[PDB]
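Have a look at the structure below, then the notes.
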Amino acid sequence: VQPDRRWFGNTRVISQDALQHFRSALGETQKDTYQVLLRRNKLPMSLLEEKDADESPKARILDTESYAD
Amino acid sequence: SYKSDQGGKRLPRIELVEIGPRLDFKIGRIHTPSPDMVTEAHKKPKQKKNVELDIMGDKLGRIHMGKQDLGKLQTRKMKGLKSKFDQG
Amino acid sequence: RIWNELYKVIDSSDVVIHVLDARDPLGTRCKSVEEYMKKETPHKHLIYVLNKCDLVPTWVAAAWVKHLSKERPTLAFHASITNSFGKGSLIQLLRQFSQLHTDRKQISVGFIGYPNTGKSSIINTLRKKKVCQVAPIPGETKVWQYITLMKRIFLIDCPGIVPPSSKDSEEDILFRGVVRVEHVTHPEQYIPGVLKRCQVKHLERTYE
Amino acid sequence: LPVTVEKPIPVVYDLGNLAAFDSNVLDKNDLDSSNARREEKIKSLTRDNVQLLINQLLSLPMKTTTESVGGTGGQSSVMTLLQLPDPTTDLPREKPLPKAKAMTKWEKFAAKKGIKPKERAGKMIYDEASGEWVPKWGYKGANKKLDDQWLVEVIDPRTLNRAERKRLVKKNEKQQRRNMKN
Amino acid sequence: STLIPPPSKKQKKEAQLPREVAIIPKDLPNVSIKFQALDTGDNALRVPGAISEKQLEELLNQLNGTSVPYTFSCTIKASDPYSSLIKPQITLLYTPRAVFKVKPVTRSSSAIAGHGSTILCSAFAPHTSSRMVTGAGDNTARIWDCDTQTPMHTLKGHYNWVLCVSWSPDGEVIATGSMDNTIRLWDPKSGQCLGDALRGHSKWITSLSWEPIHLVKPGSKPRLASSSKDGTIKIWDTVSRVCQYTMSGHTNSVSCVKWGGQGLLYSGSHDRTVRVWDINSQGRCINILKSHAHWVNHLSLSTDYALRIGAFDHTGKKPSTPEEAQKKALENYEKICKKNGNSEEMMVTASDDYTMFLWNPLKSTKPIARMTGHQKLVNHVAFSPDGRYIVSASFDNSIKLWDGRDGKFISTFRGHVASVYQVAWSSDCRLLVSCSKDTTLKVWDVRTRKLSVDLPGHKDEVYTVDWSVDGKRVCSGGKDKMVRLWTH
Amino acid sequence: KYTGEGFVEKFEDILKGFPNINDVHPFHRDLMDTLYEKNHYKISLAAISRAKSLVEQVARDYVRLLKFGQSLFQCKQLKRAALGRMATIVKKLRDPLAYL
RNA sequence: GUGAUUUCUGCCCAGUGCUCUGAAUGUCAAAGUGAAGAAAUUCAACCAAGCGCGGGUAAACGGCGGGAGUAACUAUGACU
Ligand SMILES: Nc1nc2c(ncn2[C@@H]2O[C@H](COP(=O)(O)OP(=O)(O)OP(=O)(O)O)[C@@H](O)[C@H]2O)c(=O)[nH]1
Ligand SMILES: [Mg+2]
């Protein structure tokens with residue numbers, strides 16, 4: 001493997017305007033039962049998920065009283 | 001442009017001022033384009049049915065089910081649906 | 001041995017059709033794999049075909065197509081070779097699916113469902129000759145089989161599956177025809193179910 | 001005071017050029033070269049048009065951003081810009097469209113059979129003794145190595161090698177000229 | 001980079017038609033509207049139509065008898081301020097504006113060099129934005145002339161890190177709580193060691209707090225309050241430099257110390273319990289509140305903004321005598337606090353169980369509400385200067401905005417990609433800046449719950465953020481050993 | 001396969017022996033609550049139940065991997081990898097197995 | 001070719017697919033006849049073959065999304 005300046009270069013940046021646009025365009029789906037998918041347009045999907053919840057999951061009790069306490 | 005008060009802060013009332021020049025023009029001789037050159041000078045550089053690109057990317061396609069008339073399809077004449085074998 | 005044919009057909013097939021029984025479709029539905037195809041293979045299409053439609057009234061069949069067409073396309077069929085119903089509707093929809101993938105050199109469509117629903121009979125009526133073996137006994141087709149039509153679309157039939165639901169009966173599998181009734185041991189303990197499902201008026205006219 | 005004004009025939013717009021096209025009725029005996037009230041008519045029959053045009057321009061979609069100064073592209077967060085549609089009037093080009101499709105006989109030979117193009121990955125090779133990556137052509141290219149070798153092991157052979165390279169270079173240039181003449 | 005999908009063909013052919021210019025037609029078919037305030041006022045039956053939204057303001061001024069500004073809204077359904085009929089008898093709700101506009105903070109001034117280690121804490125002077133203090137990972141603090149972007153008056157005198165700096169609420173002295181358990185005071189204009197290092201704690205100092213000016217004896221100076229990892233809460237008078245009297249209620253480390261408007265210190269600790277001390281009772285805790293499940297970090301009061309400046313309003317003036325000073329400070333506190341006429345200061349708690357609690361420790365010992373919805377620990381919480389908005393930051397990259405009166409949920413501010421370490425309000429309670437574990441700082445516009453600007457320029461994490469009092473500058477700094485000032 | 005069954009069977013006897021503090025009787029429930037800390041009691045058993053599924057998935061995957069091996073070396077390495085991941089799943093239960 | 005009988009109007013109101021008693025004024029390379037004005041230019045008429053006109057054919061090579069608009073002339077159906 002030769003040395004090169006690619007490899008140590010960023011490849012897939014994205015900006016805040018695109019992030020906000022795509023995130024706002026995931027609560028307007030309106031699925032059609034007669035449209036089928038052909039391609040999916042690879043996107044960073046772990047940044048556009050996470051609709052708001054109301055739960056706030058349980059806290060870890062093991063960090064205060066382990067078991068010998 | 002000045003404040004209007006008839007159209008809110010969006011649309012103002014505008015005013016013009018004449019700066020220059022100020023010319024008149026009368027027609028002289030002309031030389032008109034030939035048909036071939038006219039058809040060769042209006043060219044768009046060249047840079048899909050049922051296929052659409054959604055927002056988010058998402059190349060999608062329509063499938064267009066037909067019309068389905070079940071007025072055909074004579075249902076099978078099973079023996080229990082024939083009243084001839086009625087046990088009375 | 002057959003769940004290894006299922007995933008192989010799903011892998012090789014561009015478009016899947018899930019076949020149901022017009023008598024009771026919600027029992028033969030076999031959801032259980034649509035969650036899979038949705039999670040791991042979203043680029044596959046999965047339409048419904050509801051055949052054996054000449055064994056139910058016409059309003060029943062229309063109602064079932066309507067109530068099923070709120071998830072997938074769900075065409076309605078009747079598979080004989082000479083006298084069929086729906087062959088043109090299926091052909092002129094496979095032609096659409098083939099035009100959409102106009103740069104793939106061929107498309108494959110796979111038939112899946114419970115046993116004894118008519119997967120082989122649909123291929124036979126589409127092609128108009130006896131291509132794959134059909135028989136009233138459940139376990140007829142055992143391995144997958146390729147079959148060509150139109151030079152650009154292949155059809156694949158496979159054996160019929162029953163998802164291993166750890167509930168819901170031992171005597172429901174019987175009445176969704178899966179078991180070869182020659183092997184159940186005391187077959188007289190199941191007749192109350194037949195009396196419950198059917199009508200007295202209908203049962204009185206067939207024996208007589 | 002009114003930001004609006006009515007005209008019988010509706011003005012046509014080209015927002016892609018910021019242009020209006022009015023086709024209402026003029027008065028031949030108003031704009032004559034000697035009429036006193038000439039400017040007070042021109043400047044107003046054009047001012048109503050400009051009013052309609054600003055009304056139309058101040059209602060387009062706006063494009064905001066969240067960047068800041070230094071942004072290599074353009075606008076920052078404190079600039080709203082109007083998204084202008086495309087022009088419609090067919091205005092002629094100035095040069096014809098570019099098309100030059102010659103096959104040069106290599107694109108014919110390579111395509112009769114199945115010679116595909118190369119991946120065009122990199123320019124370096126690996127020299128074995130020494131232990132460097134020694135551009136194949138681009139700095140002391142592996143070609144120009146028999147030139148400064150400290151012995152060749154058979155007229156000077158290195159100069160003959162240079163001549164044999166130059167012959168192929170000139171042949172390639174001649175082939176190119178011939179293809180371009182075809 | 002990743003691109004927004006391009007517009008289609010039919011959309012391009014659509015975008016050329018004539019398009020939708022509004023006209024404000026006539027337009028006074030008059031609707032009877034109900035002018036009603038937020039607190040209690042419903043003041044009284046007027047029937048206007050489509051009139052100037054700045055004339056509604058004048059209506060209210062001449063009606064309530066002052067000619068002030070008023071913001072408006074309707075039908076608290078989507079609760080949005082002819083614009084009431086373009087989309088669709090109708091009521092009207094209003095709030096006072098106290099107009100003092102703060103332009104956003106967009107650009108970036110010079111990246112000031114400085115210490116030789118990371119920068120831990122930073123604070124702005126309460127009287128002018130021209131000076132500003134930073135304590136850093138070396139054994140020193142520094143003062144910066146923000147007027148010319150230059151250093152000044154480095155304050156040597158510790159021998160371990162400086163973990164918190166505070167500028168007294170009169171602009172007279174600065175206090176530096178350090179790692180070595182000393183506490184030192186310094187003169188702004190000179191830079192000399194004002195005495196020796198106060199001490200008495202066995203482990204490091206976590207937080208400091210000052211006596212609010214509207215309670216200090218005129219002719220005297222405010223006092224201190226110091227938290228320490230050992231668990232003690234110590235008081236200090238800055239003339240005799242004597243430990244007045246300590247408090248030793250908690251058992252684990254204590255995180256933060258406050259000082260209320262009636263003389264009630266509040267303190268949350270790593271013992272999952274919030275205690276309410278007292279100063280008129282020589283320092284015996286009168287209330288213990290145990291509601292959280294994990295330990296507590298960064299308690300925060302409802303008036304901790306007004307209590308931070310003490311008669312130095314947004315106009316940069318000064319007092320000449322404690323007589324006028326005390327009246328100005330009382331006026332400030334009443335302007336901020338008096339929304340029913342009582343001392344209705346509330347408290348908000350932030351703990352490692354993802355949930356915050358809304359206390360009114362005076363009226364009762366029960367929480368008014370339990371604010372919940374985060375998914376990781378909540379590191380920081382803050383009240384609006386006018387007290388009717390709570391903002392909370394958390395290690396799950398989000399920020400949440402709650403209605404600060406009863407504790408409802410309003411909105412979420414997404415946009416960071418790493419943990420949010422702290423947040424900060426502006427003077428007019430309309431913007432909000434925030435710093436994060438990744439580089440960028442972000443400015444949010446609360447009036448619409450969106451992102452206004454996103455400013456990078458640091459190179460490593462960012463630990464502090466401080467907006468000025470008159471909104472002129474924003475200071476930040478962190479792991480890259482540079483100070484940074486952002487302006488408009 | 002044999003070691004997989006071994007660990008799974010050592011865990012089943014723990015998951016089927018303890019008395020399921022929820023839905024027994026609101027007297028014994030509260031007594032065991034004041035005696036063993038119901039939270040920790042349920043947490044340790046959920047830890048063991050989770051390990052029981054992790055081990056089974058590891059065993060299931062590495063058999064499928066082995067059936068494509070082409071030499072004694074590679075097959076042996078896959079065996080050791082599987083047993084090591086099992087051992088490392090188990091060695092994290094030092095605290096729950098000591099409380100239980 | 002098929003394989004008793006009974007079923008077998010099959011995805012083709014597909015006419016450029018497997019043929020021609022039938023055709024046309026839809027077009028039409030280049031050629032040739034008419035007009036303007038000094039002339040390049042522009043326009044009228046005549047037109048070889050394929051493509052729109054149509055009959056016809058049943059195990060039937062291989063070839064295919066349907067229904068409208070009836071070209072605001074197209075650079076091999078650039079469309080809607
Ligand atoms: N009444 C009626 N019976 C049908 C219809 N279609 C198929 N059948 C009967 O149902 C049985 C279907 O057998 P198959 O076509 O092999 O069904 P399958 O078991 O899903 O197909 P395999 O993949 O070969 O196993 C046959 O005995 C047919 O006689 C129908 O449309 N109507
Ligand atoms: Mg079968």
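Ordered as shown in the structure tokens, chains take letters A, B, and onward, while each chain numbers its residues from 1 and ligands are numbered from 1 in the order shown.
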*Given a cut-off of 6 Å, what residues near ligand 2 show up using only C-alpha atoms (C1' of nucleotides) and all ligand atoms, put as a PyMOL selection string?*
chain C and resi 115-116+138-141+160
*Give as a ChimeraX atom specification every residue of chain A that touches chain B within 8 Å, counting only C-alpha atoms.*
/A:22,25,34-41
*asked:* Could you work out which residues of chain B fall inside 9 Å of chain G? Count only C-alpha atoms (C1' of nucleotides), and format the result as an MDAnalysis selection string.
replied: chainID B and resid 32 34 46 64 66
How would the residues just picked look written out with N, CA and C atoms as a CSV table (one decimal), in the first residue's frame?
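Once everything was written out, this is out.csv:
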chain,number,residue,atom,x,y,z
B,32,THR,N,-31.5,40.0,-41.7
B,32,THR,CA,-32.2,39.1,-40.9
B,32,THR,C,-31.6,37.7,-40.9
B,34,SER,N,-30.9,33.7,-41.3
B,34,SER,CA,-31.4,32.7,-42.2
B,34,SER,C,-32.1,31.6,-41.3
B,46,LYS,N,-29.0,19.7,-23.8
B,46,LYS,CA,-29.4,18.3,-23.4
B,46,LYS,C,-28.8,17.8,-22.1
B,64,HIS,N,-49.6,0.9,-11.0
B,64,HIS,CA,-50.8,1.0,-11.8
B,64,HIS,C,-51.5,-0.3,-12.1
B,66,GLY,N,-54.6,-2.6,-12.7
B,66,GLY,CA,-55.7,-2.4,-13.7
B,66,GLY,C,-57.1,-2.3,-13.0
*Could you give me the residues within 8 Å of ligand 1, counting only C-alpha atoms (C1' of nucleotides) and all ligand atoms, as a VMD selection string?*
(chain B and resid 76) or (chain C and resid 51 to 55 77 to 80 84 113 to 122 132 to 142 157 to 160)
Save out the residues we just selected, N, CA, C and O atoms, as a compact mmCIF listing (two decimals), in the first residue's frame.
# COMPACT_ATOMS: atom_id res chain seq x y z
N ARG B 76 -67.42 -21.97 -8.80
CA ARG B 76 -67.60 -23.40 -9.00
C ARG B 76 -68.95 -23.88 -8.48
O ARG B 76 -69.41 -23.43 -7.42
N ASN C 51 -55.75 -16.33 -4.57
CA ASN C 51 -56.36 -17.22 -5.54
C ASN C 51 -57.25 -18.23 -4.84
O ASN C 51 -57.50 -18.15 -3.64
N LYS C 52 -57.74 -19.20 -5.62
CA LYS C 52 -58.85 -20.06 -5.22
C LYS C 52 -60.11 -19.24 -4.98
O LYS C 52 -60.86 -19.46 -4.04
N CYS C 53 -60.34 -18.27 -5.86
CA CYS C 53 -61.42 -17.30 -5.71
C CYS C 53 -62.73 -17.79 -6.28
O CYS C 53 -63.72 -17.05 -6.25
N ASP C 54 -62.78 -19.02 -6.79
CA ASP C 54 -64.03 -19.60 -7.24
C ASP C 54 -64.64 -20.52 -6.20
O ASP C 54 -65.55 -21.29 -6.52
N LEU C 55 -64.18 -20.45 -4.96
CA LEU C 55 -64.73 -21.23 -3.86
C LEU C 55 -65.41 -20.35 -2.82
O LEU C 55 -65.85 -20.85 -1.79
N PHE C 77 -57.20 -13.96 -8.11
CA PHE C 77 -56.83 -14.96 -9.12
C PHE C 77 -57.75 -16.18 -9.06
O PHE C 77 -58.50 -16.38 -8.11
N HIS C 78 -57.67 -16.99 -10.11
CA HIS C 78 -58.26 -18.33 -10.15
C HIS C 78 -57.45 -19.13 -11.16
O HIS C 78 -57.51 -18.85 -12.36
N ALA C 79 -56.72 -20.14 -10.70
CA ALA C 79 -55.68 -20.78 -11.49
C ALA C 79 -56.15 -22.13 -12.03
O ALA C 79 -56.02 -23.15 -11.35
N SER C 80 -56.67 -22.13 -13.24
CA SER C 80 -56.73 -23.32 -14.07
C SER C 80 -56.01 -23.04 -15.38
O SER C 80 -55.72 -21.90 -15.72
N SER C 84 -59.16 -19.90 -16.62
CA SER C 84 -58.56 -19.17 -15.51
C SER C 84 -59.26 -17.83 -15.33
O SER C 84 -60.27 -17.54 -15.99
N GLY C 113 -45.64 -18.94 -0.04
CA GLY C 113 -46.88 -19.08 0.68
C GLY C 113 -46.92 -20.38 1.46
O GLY C 113 -45.92 -21.09 1.55
N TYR C 114 -48.09 -20.67 2.02
CA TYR C 114 -48.31 -21.91 2.76
C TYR C 114 -48.32 -23.08 1.79
O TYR C 114 -48.26 -22.89 0.57
N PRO C 115 -48.38 -24.32 2.28
CA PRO C 115 -48.54 -25.44 1.36
C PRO C 115 -49.97 -25.55 0.85
O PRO C 115 -50.93 -25.22 1.54
N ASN C 116 -50.07 -25.98 -0.41
CA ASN C 116 -51.34 -26.32 -1.03
C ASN C 116 -52.19 -25.09 -1.33
O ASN C 116 -53.42 -25.15 -1.32
N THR C 117 -51.54 -23.96 -1.61
CA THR C 117 -52.26 -22.75 -1.97
C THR C 117 -52.32 -22.50 -3.47
O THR C 117 -53.16 -21.72 -3.92
N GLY C 118 -51.45 -23.13 -4.25
CA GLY C 118 -51.53 -22.99 -5.69
C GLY C 118 -50.35 -22.29 -6.33
O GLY C 118 -50.49 -21.72 -7.42
N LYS C 119 -49.19 -22.33 -5.68
CA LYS C 119 -48.02 -21.68 -6.25
C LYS C 119 -47.65 -22.28 -7.59
O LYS C 119 -47.34 -21.56 -8.54
N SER C 120 -47.68 -23.61 -7.69
CA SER C 120 -47.37 -24.25 -8.96
C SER C 120 -48.48 -24.07 -9.96
O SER C 120 -48.22 -23.93 -11.16
N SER C 121 -49.73 -24.07 -9.51
CA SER C 121 -50.84 -23.90 -10.44
C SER C 121 -50.84 -22.52 -11.07
O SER C 121 -51.27 -22.38 -12.22
N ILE C 122 -50.35 -21.51 -10.37
CA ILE C 122 -50.29 -20.17 -10.96
C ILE C 122 -49.26 -20.13 -12.08
O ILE C 122 -49.50 -19.55 -13.15
N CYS C 132 -44.74 -27.38 -13.86
CA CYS C 132 -44.39 -27.90 -12.55
C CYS C 132 -45.51 -28.79 -12.02
O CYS C 132 -46.68 -28.58 -12.34
N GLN C 133 -45.13 -29.78 -11.23
CA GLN C 133 -46.06 -30.80 -10.78
C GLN C 133 -47.03 -30.24 -9.75
O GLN C 133 -46.63 -29.55 -8.82
N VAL C 134 -48.32 -30.55 -9.93
CA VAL C 134 -49.35 -30.16 -8.98
C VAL C 134 -50.01 -31.43 -8.46
O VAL C 134 -50.02 -32.46 -9.13
N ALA C 135 -50.54 -31.35 -7.24
CA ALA C 135 -51.17 -32.49 -6.60
C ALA C 135 -51.91 -32.04 -5.35
O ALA C 135 -51.46 -31.12 -4.65
N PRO C 136 -53.05 -32.65 -5.04
CA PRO C 136 -53.77 -32.30 -3.81
C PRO C 136 -53.00 -32.58 -2.53
O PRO C 136 -53.34 -32.00 -1.49
N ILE C 137 -51.98 -33.43 -2.54
CA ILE C 137 -51.28 -33.68 -1.28
C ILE C 137 -50.35 -32.52 -0.98
O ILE C 137 -49.73 -31.97 -1.91
N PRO C 138 -50.25 -32.07 0.27
CA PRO C 138 -49.47 -30.86 0.58
C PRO C 138 -48.04 -30.83 0.05
O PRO C 138 -47.71 -29.93 -0.73
N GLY C 139 -47.19 -31.77 0.43
CA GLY C 139 -45.77 -31.58 0.18
C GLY C 139 -45.30 -31.94 -1.21
O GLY C 139 -44.33 -32.68 -1.37
N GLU C 140 -45.97 -31.40 -2.23
CA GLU C 140 -45.66 -31.79 -3.61
C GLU C 140 -44.32 -31.23 -4.08
O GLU C 140 -43.40 -31.99 -4.39
N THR C 141 -44.19 -29.91 -4.15
CA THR C 141 -42.94 -29.30 -4.57
C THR C 141 -41.95 -29.30 -3.42
O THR C 141 -42.30 -28.91 -2.30
N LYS C 142 -40.72 -29.73 -3.69
CA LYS C 142 -39.72 -29.94 -2.65
C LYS C 142 -38.48 -29.08 -2.80
O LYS C 142 -37.87 -28.74 -1.79
N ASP C 157 -40.67 -21.14 -8.35
CA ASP C 157 -41.50 -21.68 -7.28
C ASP C 157 -40.64 -22.49 -6.33
O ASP C 157 -39.61 -23.06 -6.71
N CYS C 158 -41.09 -22.52 -5.08
CA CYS C 158 -40.38 -23.14 -3.96
C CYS C 158 -41.36 -23.93 -3.10
O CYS C 158 -42.58 -23.83 -3.30
N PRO C 159 -40.89 -24.74 -2.15
CA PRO C 159 -41.81 -25.45 -1.26
C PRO C 159 -42.50 -24.50 -0.29
O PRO C 159 -42.06 -23.38 -0.05
N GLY C 160 -43.60 -24.98 0.27
CA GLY C 160 -44.46 -24.15 1.10
C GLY C 160 -44.06 -24.21 2.56
O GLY C 160 -43.77 -25.27 3.10
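Picture a line from CA of residue 385 (chain E) to CA of residue 272 (chain E); it runs 27.3 Å.
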*Select all residues from chain F having any atom no more than 8 Å from an atom of chain A (counting only C-alpha atoms, ignoring ligands), output as a ChimeraX atom specification.*
/F:40,95-96,99
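Going from CA of residue 226 (chain E) to CA of residue 207 (chain E) covers 6.0 Å.
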*Check the DSSP output for the backbone and give back, as number ranges by chain, the residues of region 208-390 of chain E in strand (DSSP E).*
E: 208-210, 223-228, 233-237, 242-243, 254-257, 266-269, 274-276, 287-289, 300-301, 347-350, 356-359, 367-371, 380-383, 390
*asked:* Taking only C-alpha atoms into account, find every residue of chain E that has an atom no more than 7 Å from chain A, and write it out as an MDAnalysis selection string.
replied: chainID E and resid 1:2 4 353:354 372:375
_If I take CA of residue 48 (chain F) and CA of residue 12 (chain F), how far is one from the other in Å, to one decimal?_
9.2 Å
*Please report, as a list in words, each residue of region 106-184 of chain C to which DSSP assigns alpha helix (DSSP H) when run on this structure's backbone.*
residues 119, 120, 121, 122, 123, 124, 125, 126, 127, 172, 173, 174 and 175 of chain C
*Contacts of region 301-307 of chain E within 9 Å, only C-alpha atoms (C1' of nucleotides), excl. fewer than 3 positions in-chain, as a PyMOL selection string*: chain E and resi 169+210-214+258-261+266+310-311+329+332-333+336-337+344-349+382-388+404
Limited to N, CA, C and O atoms, could you put the picked residues into a file as a short mmCIF file (atom, residue, chain, number, x, y, z; two decimals), in the first residue's frame?
data_model
loop_
_atom_site.label_atom_id
_atom_site.label_comp_id
_atom_site.auth_asym_id
_atom_site.auth_seq_id
_atom_site.Cartn_x
_atom_site.Cartn_y
_atom_site.Cartn_z
N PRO E 169 -20.35 41.07 42.82
CA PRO E 169 -21.52 41.71 42.20
C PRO E 169 -21.51 43.22 42.33
O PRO E 169 -22.53 43.88 42.12
N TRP E 210 -21.86 34.84 45.85
CA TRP E 210 -21.74 36.13 46.52
C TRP E 210 -23.05 36.53 47.18
O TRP E 210 -24.12 36.00 46.88
N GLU E 211 -22.95 37.48 48.08
CA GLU E 211 -24.13 38.05 48.72
C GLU E 211 -24.79 39.04 47.76
O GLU E 211 -24.12 39.93 47.25
N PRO E 212 -26.09 38.89 47.49
CA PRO E 212 -26.76 39.84 46.60
C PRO E 212 -26.76 41.24 47.20
O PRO E 212 -26.92 41.42 48.41
N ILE E 213 -26.58 42.24 46.33
CA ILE E 213 -26.32 43.60 46.81
C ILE E 213 -27.55 44.18 47.50
O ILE E 213 -27.42 44.96 48.45
N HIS E 214 -28.75 43.79 47.08
CA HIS E 214 -29.94 44.40 47.67
C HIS E 214 -30.18 43.97 49.10
O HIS E 214 -31.23 44.33 49.64
N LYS E 258 -25.82 28.49 46.06
CA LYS E 258 -26.62 29.61 45.57
C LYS E 258 -26.79 30.64 46.68
O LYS E 258 -26.20 30.54 47.76
N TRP E 259 -27.60 31.66 46.40
CA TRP E 259 -27.96 32.66 47.40
C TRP E 259 -29.23 33.33 46.92
O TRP E 259 -29.23 33.98 45.86
N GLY E 260 -30.31 33.18 47.67
CA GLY E 260 -31.62 33.60 47.21
C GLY E 260 -31.87 35.08 47.42
O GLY E 260 -30.98 35.87 47.75
N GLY E 261 -33.12 35.46 47.20
CA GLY E 261 -33.55 36.83 47.39
C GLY E 261 -34.05 37.17 48.78
O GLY E 261 -34.28 38.34 49.07
N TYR E 266 -29.25 27.68 48.89
CA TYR E 266 -29.63 26.36 48.44
C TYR E 266 -28.38 25.60 48.03
O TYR E 266 -27.42 26.20 47.53
N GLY E 310 -26.38 43.34 40.21
CA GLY E 310 -26.48 44.21 41.36
C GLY E 310 -26.34 45.70 41.08
O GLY E 310 -25.32 46.30 41.43
N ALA E 311 -27.35 46.28 40.43
CA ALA E 311 -27.52 47.70 40.12
C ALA E 311 -26.73 48.15 38.89
O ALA E 311 -26.83 49.32 38.52
N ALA E 329 -30.62 48.37 43.13
CA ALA E 329 -30.61 46.91 43.21
C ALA E 329 -31.98 46.35 43.58
O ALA E 329 -32.43 45.36 43.00
N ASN E 332 -34.10 46.50 40.53
CA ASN E 332 -33.79 45.41 39.62
C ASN E 332 -34.47 44.12 40.06
O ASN E 332 -35.16 43.45 39.27
N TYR E 333 -34.27 43.74 41.32
CA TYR E 333 -34.81 42.48 41.81
C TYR E 333 -36.33 42.46 41.70
O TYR E 333 -36.92 41.43 41.36
N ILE E 336 -37.44 41.99 38.07
CA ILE E 336 -37.25 40.63 37.58
C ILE E 336 -38.22 39.67 38.25
O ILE E 336 -38.76 38.75 37.61
N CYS E 337 -38.49 39.87 39.54
CA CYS E 337 -39.13 38.84 40.35
C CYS E 337 -40.62 39.08 40.51
O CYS E 337 -41.41 38.13 40.45
N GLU E 344 -41.79 35.05 44.71
CA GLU E 344 -42.07 33.76 44.08
C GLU E 344 -40.87 33.25 43.27
O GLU E 344 -40.99 32.85 42.12
N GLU E 345 -39.70 33.23 43.89
CA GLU E 345 -38.53 32.69 43.20
C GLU E 345 -38.59 31.17 43.23
O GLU E 345 -38.85 30.56 44.28
N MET E 346 -38.39 30.56 42.07
CA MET E 346 -38.41 29.12 41.93
C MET E 346 -36.99 28.59 41.78
O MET E 346 -36.03 29.34 41.63
N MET E 347 -36.87 27.27 41.81
CA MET E 347 -35.58 26.60 41.76
C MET E 347 -35.72 25.40 40.84
O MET E 347 -36.78 24.77 40.78
N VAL E 348 -34.66 25.08 40.12
CA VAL E 348 -34.66 23.94 39.21
C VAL E 348 -33.42 23.11 39.49
O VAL E 348 -32.34 23.65 39.77
N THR E 349 -33.60 21.80 39.47
CA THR E 349 -32.54 20.88 39.83
C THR E 349 -32.16 20.02 38.64
O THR E 349 -33.01 19.65 37.83
N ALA E 382 -30.66 26.35 33.26
CA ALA E 382 -30.65 27.79 33.45
C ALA E 382 -32.06 28.35 33.27
O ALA E 382 -32.86 27.81 32.52
N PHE E 383 -32.32 29.43 34.00
CA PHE E 383 -33.56 30.19 33.91
C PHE E 383 -33.35 31.41 33.03
O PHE E 383 -32.25 31.96 32.95
N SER E 384 -34.42 31.85 32.38
CA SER E 384 -34.37 33.07 31.60
C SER E 384 -34.20 34.26 32.54
O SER E 384 -34.57 34.19 33.72
N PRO E 385 -33.63 35.37 32.06
CA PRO E 385 -33.54 36.57 32.90
C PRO E 385 -34.89 37.05 33.40
O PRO E 385 -34.98 37.53 34.54
N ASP E 386 -35.94 36.95 32.60
CA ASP E 386 -37.28 37.29 33.05
C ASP E 386 -37.98 36.13 33.74
O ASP E 386 -39.09 36.31 34.25
N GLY E 387 -37.37 34.95 33.75
CA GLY E 387 -37.79 33.86 34.60
C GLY E 387 -38.88 32.96 34.05
O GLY E 387 -39.34 32.08 34.78
N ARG E 388 -39.30 33.14 32.80
CA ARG E 388 -40.40 32.35 32.26
C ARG E 388 -39.96 31.42 31.14
O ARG E 388 -40.69 31.21 30.17
N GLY E 404 -41.16 27.93 31.93
CA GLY E 404 -40.56 28.10 33.24
C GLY E 404 -41.48 28.46 34.37
O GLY E 404 -40.99 28.79 35.45
#
*Would you give me, as a VMD selection string, the residues of chain G that come within 7 Å of chain C, using only C-alpha atoms (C1' of nucleotides)?*
chain G and resid 7 to 8 11 65
_Shell of 12 Å around residue 13 (chain B), only C-alpha atoms (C1' of nucleotides), local chain residues under 4 positions omitted, as a PyMOL selection string_ = (chain B and resi 1-9) or (chain D and resi 1-5+47-48+50-52+54-55)
*Using only C-alpha atoms, find the residues of chain B whose closest atom to chain C is at most 7 Å away, then write them as an NGL selection string.*
:B and (63 or 66 or 70 or 73-76 or 79-81 or 85-86)
